[PDB]
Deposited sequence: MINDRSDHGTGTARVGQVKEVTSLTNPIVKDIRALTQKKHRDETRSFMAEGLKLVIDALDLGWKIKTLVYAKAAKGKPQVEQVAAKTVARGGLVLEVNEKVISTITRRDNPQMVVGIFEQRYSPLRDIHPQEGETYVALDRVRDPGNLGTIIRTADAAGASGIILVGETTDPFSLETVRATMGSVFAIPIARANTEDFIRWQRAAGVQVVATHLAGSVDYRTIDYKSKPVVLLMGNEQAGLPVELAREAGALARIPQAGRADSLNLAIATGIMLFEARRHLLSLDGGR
């Protein structure tokens, strides 16, 4: 591992960091960007492999990074804001290895809640859910089907650090359903056509998987079908539906009402 320095833009490897805003480029190295000193330090504790650092506690983190076998860049405010695309950047920005938990490795125990998101489209919605699931003491996020990337800069920002603190996993519809049966869980699907008050449900007996639907479309039958309980939050207006993240928060804290205290 090694240190380096640059101020010009083109210098191919600085177009390499820039391009971590694109999925196709992030995926070509299983890699992603996160901003902030406090944050990179915390993500290092949670055991995340750092590939590059960008920038006095920096000395020890750079040491930890170069000694871990990867690049480190002393750099001006013009470069840092251009890669983070903000006029008013942070001084320190880490690049890290993406990691998902494989779904087969996840074994729901008593007392645990999971959030499964069928085809989540909006990045902020996802990042906010990840943050909120973390806050509720849930044990992970399961991204079912084609969703937005959890490791986009837009989504990573919205987590406020929680991307590093709660397991994320991804699966096609079939494997998830296979898993969801074998796991011995109370599957709680949510629909705007659901029959039962989310408050009237048993979240105590079994580990729970909260199944949330797509923003435009809601849950497709193939997953709706599986519900051990088809729940809905009562509303009272013109309003069609709740925002996805909002709904997920409402459910997180009902589902763990008995477990959260002061």
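- Unmodelled regions of the deposited sequence, numbered from residue 1: 1 to 15, 71 to 77, 285 to 288.
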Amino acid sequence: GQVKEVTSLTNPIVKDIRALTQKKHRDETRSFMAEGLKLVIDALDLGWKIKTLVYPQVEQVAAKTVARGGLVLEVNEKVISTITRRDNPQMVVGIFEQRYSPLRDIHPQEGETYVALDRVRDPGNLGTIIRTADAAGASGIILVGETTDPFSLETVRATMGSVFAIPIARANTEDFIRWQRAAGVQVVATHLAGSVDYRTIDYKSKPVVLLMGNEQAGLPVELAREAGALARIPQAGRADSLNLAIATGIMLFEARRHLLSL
From here on, numbers count along this sequence of modelled residues.
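- For the two regions 59 to 67 and 218 to 226, the entry's Cα B-factors average higher over 59 to 67.
- Between 109 to 117 and 71 to 79, the higher mean Cα B-factor belongs to 71 to 79.
- Out of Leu46, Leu210, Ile233, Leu39, it is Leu39 whose C-alpha atom has the highest B-factor in the PDB entry.
- Reading the B-factor column for the CA atoms of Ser101, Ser162, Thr190, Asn88 in the entry, the top value corresponds to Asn88.
- Residue-level temperature factors show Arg256 in the lowest third of its chain, judged at the C-alpha atom.
- For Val92, the recorded CA B-factor ranks within the highest third of the chain. Only modelled residues enter the ranking.
- Among the modelled residues of its chain, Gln186 has a C-alpha B-factor that falls in the middle third according to the deposited record.
- In the deposited entry, the Cα temperature factor of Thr147 places it in the lowest third of its chain's modelled residues.
- Among the modelled residues of its chain, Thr84 has a C-alpha B-factor that falls in the highest third, as given in the PDB entry.
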